[PDB]
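Engineer: Here is the sequence, then the experimental structure:
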Amino acid sequence: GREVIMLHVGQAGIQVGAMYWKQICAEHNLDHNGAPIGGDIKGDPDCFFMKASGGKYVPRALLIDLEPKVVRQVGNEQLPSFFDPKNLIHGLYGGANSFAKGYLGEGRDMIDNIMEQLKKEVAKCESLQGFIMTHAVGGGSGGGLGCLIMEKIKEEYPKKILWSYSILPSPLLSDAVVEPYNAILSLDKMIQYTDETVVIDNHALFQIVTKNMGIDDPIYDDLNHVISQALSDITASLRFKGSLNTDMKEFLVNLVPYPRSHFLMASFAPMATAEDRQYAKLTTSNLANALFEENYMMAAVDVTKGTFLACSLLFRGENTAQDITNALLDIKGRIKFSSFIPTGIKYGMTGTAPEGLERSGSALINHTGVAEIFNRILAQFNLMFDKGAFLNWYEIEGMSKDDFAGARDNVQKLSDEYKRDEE
Amino acid sequence: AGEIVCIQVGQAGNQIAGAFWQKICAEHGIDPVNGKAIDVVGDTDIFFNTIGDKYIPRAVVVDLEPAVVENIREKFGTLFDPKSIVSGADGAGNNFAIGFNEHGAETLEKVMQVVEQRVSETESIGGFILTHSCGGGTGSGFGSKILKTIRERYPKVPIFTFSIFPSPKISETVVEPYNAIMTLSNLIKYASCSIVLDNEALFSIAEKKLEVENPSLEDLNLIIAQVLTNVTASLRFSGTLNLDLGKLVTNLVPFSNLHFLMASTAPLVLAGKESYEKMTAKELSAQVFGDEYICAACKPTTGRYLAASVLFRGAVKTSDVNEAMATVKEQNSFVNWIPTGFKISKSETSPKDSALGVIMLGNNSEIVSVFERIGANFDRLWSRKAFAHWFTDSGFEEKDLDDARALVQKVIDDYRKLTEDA
Ligand SMILES: Nc1nc2c(ncn2[C@@H]2O[C@H](COP(=O)(O)OP(=O)(O)OP(=O)(O)O)[C@@H](O)[C@H]2O)c(=O)[nH]1
Ligand SMILES: Nc1nc2c(ncn2[C@@H]2O[C@H](COP(=O)(O)OP(=O)(O)O)[C@@H](O)[C@H]2O)c(=O)[nH]1
């Protein structure tokens, strides 16, 4: 089957997914208006779409939210008639930026409908490869339903691979003051439930939008681009004849040696975004290196100083296999891997491309500097918790102080596990 | 869904609400009183019930004394659906106990029946907002009974209030402080949050910045309405942060019982529309965070912010906001250094009468001086002697009056303990 089901949870999740779906359709020559096809189909629809005999390619995804808003905007206005209505699942009240509400309160009833509807979708799949969930890490419902759903997925689908893509809050971009705690709870459960996750830091993206893209007054409408753009590239291998990680399982083999340390950084280029982006170079002598430059790091971590545990470097389009092979010669040695693993950057390419680009690429990097992301979040959390700020918004729903402590411990352990690999 | 039911109690409530709903309608494009609307913009259904070539405020009016029902029936006009006006057989003097303890029981049943109607007509309740003064026989008497009975029915629905605290402006050596403390107690016990509007503060602002020699109480209300509309507007003209009423509650109040908020706005609009200022973010912030513009008369410039947020209404450049904010953070620090405690949001819908509205809300430790003033008045009339005029038949035992004082002292002590600047 090789089928993948996406679960878009909460506002960030559904909004980014909406953009993802618009772009995947373009790649496959599908019309946003219910995904009929403009003639022949390019790419492999078997991964993300139900191939209706009627010519309707049904995106296989759920749109899940506690607030009956983003689901209606997308179902009725942005991708009207694209997503199948039975898969638009929503509650009545949102959470007030509180994980506890998203996880312990609203949603406890809804989860049976979420999982039943997921079952219905899974049931018509020939065979799943896995699930991909998208959400804000620290979102009330994002971390809330997101984590609750993940738990139930692991119980119902014990042998399928669970991936997630999620967005971290930052000092400048955040709609909540209690994030940092929603975030460690969210992270904790993911450590316990996911097989692999890609984490994007809105801090990074800002910085990129602000200085590398040249866009002042940054807004979420642009940030969501760069997120969806990276996502459509990362998941691209699953849509085409190619090599390397052509299956979620192969990704796990290559990207997560040892347990728990499965937090990957996203690297993506070019950021054409919407600028004319005329390109006098696009040369592979730059692109291959660009994917190891801070300018394209959606994690806000310098890969220069740290130890790689894994790296999968994917190129697309017109790039010469030999030129890339030669390009890596000047990367290896700036990039170092742990002495306890098989080493080297694994790379390859698929000769297809998104509209507007002859050549492009991305990388999934697992390296010890991910610890710094966690360190920032934990520091904020530790201060919040120790003096009791905002505890009541959690305690009121039953989110005990003991769960705060539990998440504190597990997330701290991740950091410790990565730090010890530095030398 | 995420809709708001507003409950308007007592004459002070009616007078503020009148100004409020007229201004809000104008901002959305809806003809106040009557005239339907024209090309309505903004998330109208949060506050209005669209009927069909008609919109009404999703609101409840409580007039214990029947003598004032015409202030809504005729003066507010046909804008507020008259079936939502609830009134009693008689009124109350300015004795909290009359409005609060076993009085108007039949009226109260009807009050809640009407609240329930506005709720059943709403897909989901994003919260409730109450508007009342704190010293009134109905205003806080019923206002407090209503606050409590609402929570009993809707324990998970936040109630936000905008309450007006009295000031004995002309030698009012009366029992009112008794009303004020008893309602303060109930606000602590049952509200999720509230804005503290102190008439004395506002008086000084009208006198000093609006240049009004002797504002009538009804003119003061214009400043109040300006604040109320611009604060409320964060939820109707969508901006850069995805806010709701429940979310505002989470972000501005880190502890139970420390939910009393200050409010400040700029530019103030002169009632006569006599002049306009250059709408510079820096200038606007300078006014908003100045002591001179604070509705609490507390001088927050000497305190510490437990939580805070700022909304800019209209088109302002990010590049100017950031410098204005840098100046503010250099002057007013935050409690426990919570790095996430200060939020800024923007939306393009400018207010009528200016290019930019700037609204600040915050939870600041100098707010205690409001409650300390109430306590002092209470003590002088209570610990010195039992001044209260035998409020015992449907009244309070000394212990109940002492309970209120005790709760108030606790809230004062807690703000003082959080901000010891160590
Ligand atoms: N990826 C992403 N992050 C966003 C977006 N908008 C805001 N954020 C960030 O996500 C953080 C978590 O809050 P949100 O993601 O808005 O939360 P939510 O998904 O709305 O969750 P609910 O409020 O429960 O519906 C915010 O504080 C911002 O830092 C967006 O469009 N995409
Ligand atoms: N700011 C403001 N305060 C008011 C207004 N009306 C009354 N008050 C205050 O409310 C108290 C009197 O209560 P009121 O609501 O008028 O009477 P009630 O309906 O019998 O409770 C006094 O402390 C007044 O200063 C008003 O329109 N604006």
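Structural biologist: All right, it came through fine. Numbering: from 1, shown residues only, chains lettered A, B, ... in the order given. Ligands and ions are numbered 1, 2, ... in the order given.
Engineer: could you say what helices and strands the host helix or strand of residue A:185 packs with?
Structural biologist: Residue A:185 belongs to helix A:179-193 when assigned by DSSP states H and E. Identification of packing neighbours for helix A:179-193 by 3 or more Cβ pairs under 8 Å, 6 or more residues apart in numbering or on different chains; DSSP states H and E yields helix A:99-104, helix A:140-156, strand A:161-168, helix A:370-386, helix A:401-419. (Each C-beta comes from the backbone N, C-alpha and C, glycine too.)
Engineer: mind listing what the next helix or strand after it pairs with, with the direction of each?
Structural biologist: Sequence-wise, the next helix or strand downstream of helix A:179-193 (DSSP H and E) is strand A:196-201. Looking at strand A:196-201 with DSSP bridges, its partner strands are strand A:161-168 (parallel), strand A:263-269 (parallel).
Engineer: Could I get the full set of helices for the chain?
Structural biologist: All of this refers to chain A. Using DSSP state H, the helices of chain A run over A:10-27, A:70-73, A:99-104, A:110-123, A:140-156, A:179-193, A:202-207, A:220-234, A:248-255, A:284-290, A:321-327, A:370-386, A:392-395, A:401-419.
Engineer: not what I meant, chain B
Structural biologist: According to DSSP H, chain B carries its helices in the segments B:10-28, B:70, B:96-100, B:105-120, B:141-153, B:176-190, B:199-208, B:217-232, B:245-252, B:281-288, B:318-329, B:368-382, B:398-418.
Engineer: now the fourth one against helix B:141-153, angle please.
Structural biologist: Computed by axes from the mean of the first three to the mean of the last three Cα atoms, to 10 degrees, the angle separating helix B:105-120 from helix B:141-153 equals 50 degrees.
Engineer: give the contact list for residue B:356.
Structural biologist: Applying Cβ atoms under 8 Å, 6 or more residues apart in numbering or on different chains, we find residue B:356 in contact with B:267, B:279, B:281, B:284, B:312-316, B:350.
Engineer: How about residue A:250: what's its closest non-neighbour residue?
Structural biologist: Counting by Cβ to Cβ, 6 or more residues apart in numbering or on different chains, residue A:244 is the residue found nearest to residue A:250 once chain neighbours are left out, at 7.5 Å.
Engineer: Around chain A, which positions in chain B sit nearby?
Structural biologist: For chain B, the contact set with chain A under Cβ under 8 Å from any Cβ of the partner chain comprises B:1-2, B:123-124, B:126, B:156, B:158, B:240-244, B:246-247, B:249-251, B:254-256, B:307, B:317-319, B:336-341, B:343.
Engineer: Any residues of chain A in contact with ligand 1? List them.
Structural biologist: By Cβ under 6 Å from any ligand atom, the residues of chain A that approach ligand 1 are A:10-12, A:15-16, A:67, A:94-95, A:97, A:102, A:136, A:138-142, A:167, A:169, A:173-176, A:179, A:202, A:220, A:224, A:227.
Engineer: give me the beta-bridge partners of the most centrally placed residue in chain A?
Structural biologist: What sits nearest the mean C-alpha location of chain A, by Cα atoms, centre = their mean, is residue A:165, with 1.9 Å. Assessed by DSSP bridges, residue A:165 has beta-bridge partners residue A:134, residue A:198.
Engineer: Quote the end-to-end distance of stretch B:28-37.
Structural biologist: 9 Å (Cα to Cα, to the nearest Å).
Engineer: before we move on, what about stretch B:288-295?
Structural biologist: By Cα to Cα, the extent of stretch B:288-295 from end to end equals 11 Å.
Engineer: Can it be said to contact ligand 2?
Structural biologist: No: residues of stretch B:288-295 are not located near ligand 2 by Cβ under 6 Å from any ligand atom, the shortest gap being 10.2 Å.
Engineer: one step back: would you list the strands paired with strand A:196-201 in CSV and tack on distance to ligand 2?
Structural biologist: Listed next are these as CSV, based on distance: least, Cβ to the nearest ligand atom, whole Å:
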stretch, distance to ligand 2
strand A:161-168, 45
strand A:263-269, 54
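Engineer: ok, back up a step: most neighbours, which of the contacts of residue B:356?
Structural biologist: Compared across the contacts of residue B:356, residue B:284 has the highest neighbour count, 28 neighbours, by other Cβ atoms under 10 Å in any protein chain shown.
Engineer: And for the nearest residue to that one once chain neighbours are set aside, the neighbour number?
Structural biologist: Distances taken as Cβ to Cβ, 6+ apart put residue B:358 closest to residue B:284, at 4.2 Å, once the chain neighbours are dropped. Per other Cβ under 10 Å, the neighbour tally for residue B:358 reads 27.
Engineer: which parts of chain A sit against chain B?
Structural biologist: A:11, A:67-69, A:92-98, A:105, A:171, A:174-180, A:216-220, A:380, A:383-384, A:387-390, A:392-393.
Engineer: so the residue nearest to residue A:250 touches residue A:311, yeah?
Structural biologist: No: in this structure, residue A:244 is not within contact of residue A:311 by Cβ atoms under 8 Å, at 11.5 Å.
Engineer: Only the buried residues of stretch B:394-404, if you could.
Structural biologist: Neighbour counts using 16 or more other Cβ atoms under 10 Å in any protein chain shown place B:395-396, B:401, B:404 of stretch B:394-404 among the buried residues.
Engineer: what's next to that stretch, contact-wise?
Structural biologist: Outside stretch B:394-404, the residues within contact range by Cβ under 8 Å, 6+ apart are B:97-98, B:101-103, B:178, B:181-182, B:184-185, B:382, B:386, B:388.
Engineer: Relative to ligand 1, which of these is nearest.
Structural biologist: Ligand 1 has its nearest neighbour among those in residue B:184, at 32.0 Å by Cβ to the nearest ligand atom.
Engineer: okay, now the residue lying closest to the closest one once chain neighbours are set aside: neighbour count?
Structural biologist: Closest residue to residue B:184 apart from its sequence neighbours, by Cβ to Cβ, 6+ apart: residue B:408 at 5.7 Å. A total of 22 residues lie near residue B:408 under the criterion other Cβ under 10 Å.
Engineer: and if you look at the one 10 residues further on?
Structural biologist: When neighbours are defined as other Cβ under 10 Å, residue B:418 has 18 of them.
Engineer: do you know how far it is from residue A:180?
Structural biologist: Distance from residue B:418 to residue A:180, counting by Cβ to Cβ, to the nearest Å: 19 Å.
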